[PDB]
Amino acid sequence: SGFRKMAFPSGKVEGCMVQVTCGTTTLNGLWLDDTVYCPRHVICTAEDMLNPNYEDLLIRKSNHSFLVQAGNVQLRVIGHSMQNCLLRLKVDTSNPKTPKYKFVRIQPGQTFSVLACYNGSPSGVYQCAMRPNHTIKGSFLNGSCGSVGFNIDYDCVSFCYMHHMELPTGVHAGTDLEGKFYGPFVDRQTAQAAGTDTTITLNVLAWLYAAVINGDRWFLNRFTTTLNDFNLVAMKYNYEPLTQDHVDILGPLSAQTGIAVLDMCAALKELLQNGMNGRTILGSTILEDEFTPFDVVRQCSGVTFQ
């Protein structure tokens, strides 16, 4: 039946994207009710970025220093304030397309959909995982700042990421919708770099369960393992240590497949020590760590192929 990295339908978010311009800088903003949220560096010039003092740069702006464009309409700013690394612009109009929503700060290992945008116009959508090192391997070009990440539950959009910068290795960093950065990054020019990363163990296990639900059992084995013995192998292969909380989370998947979590860990240990011998799992030649246990339950059938 297939297994794909799928994103949430993006319509509810497309209706919230606008363009924000201050001086010569234009980037994207998120328009919810009567507020537009955007990266605070929209107020900076290239030189400002070397050592910007945002409090000082901002007090020098007025409400009209900001130009907000929604589609083909101009929104009038009637207030502004800084909240951590974001600017909150109050506008004269409430977005009629505002969806039911909330702001959530996602945890490392969790996934979300990104709606890449330029000049307030959505251009593409794809799924990303927040890495343990607090970066995401997105696809972004100049002008994408302010693009957002989100999940959708029922008809409530949980916004969890706003894009702010690209690091030397080509990976990306940003904030939650309260403007607090994920990771130790800052919105200014420094020698900052992505720290060391690690494979998301819980997700790789979830994905092996997805492969079984979809009818594949070739990588299973007759062994079991202790959490501690598993972690000795995990440390060697740069996998996050597995905890009992992670084992508990895998409970439902374990029950749907009849495969005990620690027995699946034994299967993983063997895959790490012996490789995959030219075989594939769910079409992949490598162990995938960008699907959470939740993503698997969402996409896979509730009935294992058996």
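Numbers for residues come from their place in the sequence shown, where the first is 1. Heads up, when I say rigid core I mean the largest set of C-alphas that superpose within 1.5 Å between the two forms.
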{"property": "Positional deviation of Cα atoms in 9 other deposited structures of this protein after core superposition, greater for 138 to 146 or 73 to 81", "result": "138 to 146"}
{"property": "Stretch departing more from the displayed form, 45 to 53 or 30 to 38, Cα RMS in 9 other deposited structures of this protein (core fit)", "result": "45 to 53"}
{"property": "Residue stretch of maximal mean CA temperature factor, 110 to 118 vs 215 to 223", "result": "215 to 223"}
{"property": "Mean Cα B-factor comparison, 262 to 270 or 45 to 53, giving the higher one as deposited", "result": "45 to 53"}
{"property": "Candidate residues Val204, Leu232, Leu177, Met165, the one whose C-alpha B factor the record puts highest", "result": "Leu232"}
{"property": "Selection by C-alpha B-factor (highest) of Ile249, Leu67, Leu30, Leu27", "result": "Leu67"}
{"property": "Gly23, C-alpha B-factor rank within chain (lowest, middle or highest third)", "result": "highest"}
{"property": "Lowest, middle or highest third - CA B-factor, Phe8", "result": "lowest"}
{"property": "B-factor third for the C-alpha atom of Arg105 within its chain", "result": "middle"}
{"property": "Ranked against its chain, the third holding the CA B-factor of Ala194", "result": "middle"}
{"property": "Entry-reported Cα temperature factor of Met276, expressed as the chain third it lands in", "result": "highest"}
